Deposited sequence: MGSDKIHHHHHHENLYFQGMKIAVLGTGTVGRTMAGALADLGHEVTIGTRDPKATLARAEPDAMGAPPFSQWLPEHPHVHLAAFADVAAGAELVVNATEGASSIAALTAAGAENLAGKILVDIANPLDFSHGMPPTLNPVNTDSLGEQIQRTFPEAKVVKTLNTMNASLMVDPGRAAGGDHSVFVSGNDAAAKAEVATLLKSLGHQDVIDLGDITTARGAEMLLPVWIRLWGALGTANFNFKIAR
């Protein structure tokens, strides 16, 4: 197993950290301030989740990234650059950075829109801000539940995408995705293909409304 740092204490971070730990990886979870995160009483609260996953350990973004071989970005999209900067470019250099964030924009009305979008992407922004990291955009196109148990929606009949400049990095991420139950991994190409992957979110949001559930997924039929 690998030493994996999951930056994010929300549903995605918890879901991924728990699943990766169950697969035999040594998993740490990154947060801005561990004391503040553990002190949160409002919901569930992170302090109620952590005791159920005894093999997972909490620390600040910089501390978890420095100790990990591979890093997973599961932070709020609008804050991902800030989170990763706090993690430290020096702690990301030469390592695979799995980017699951969506750059949702909740500033000017509902449902959210994307920023950046179309001619740019959060995946690209992360890669050019941290040029020595090996960014792989993946898993952002489905509900957290399906990232680790895709079988819950239509017997696991679905597609997952990878985007990234380093083919060897994408191959390693594909192996991890397969270990999580994803049998159809499609390589969209370089990191600029994160634009199309991120741009699936607007229809995802409308499908959630139209279908009355987040238990659905995209399948590329061919």
| query | finding |
| --- | --- |
| Deposited sequence positions missing from the model - stretches, numbered from 1, in order | 1 to 18, 62 to 66 |
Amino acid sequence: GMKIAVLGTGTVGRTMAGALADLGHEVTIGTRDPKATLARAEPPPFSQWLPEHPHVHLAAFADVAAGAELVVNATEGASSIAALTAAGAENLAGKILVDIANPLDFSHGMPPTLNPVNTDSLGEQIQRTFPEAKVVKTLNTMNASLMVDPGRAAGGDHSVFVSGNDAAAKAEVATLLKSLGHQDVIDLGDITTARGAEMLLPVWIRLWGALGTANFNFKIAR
From here on, numbers count along this sequence of modelled residues.
query: Given 36 to 44 and 23 to 31, the range whose Cα B-factors average higher in the PDB entry; finding: 36 to 44
query: 141 to 149 versus 107 to 115 - which carries the larger mean C-alpha B factor in the record; finding: 107 to 115
query: B-factor third for the C-alpha atom of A174 within its chain; finding: middle
query: Ranked C-alpha temperature factor of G189 among modelled chain residues, by third; finding: middle
query: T129 - Cα temperature factor, lowest/middle/highest third of chain; finding: middle
query: Modelled-residue ranking by C-alpha temperature factor, third containing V160; finding: middle
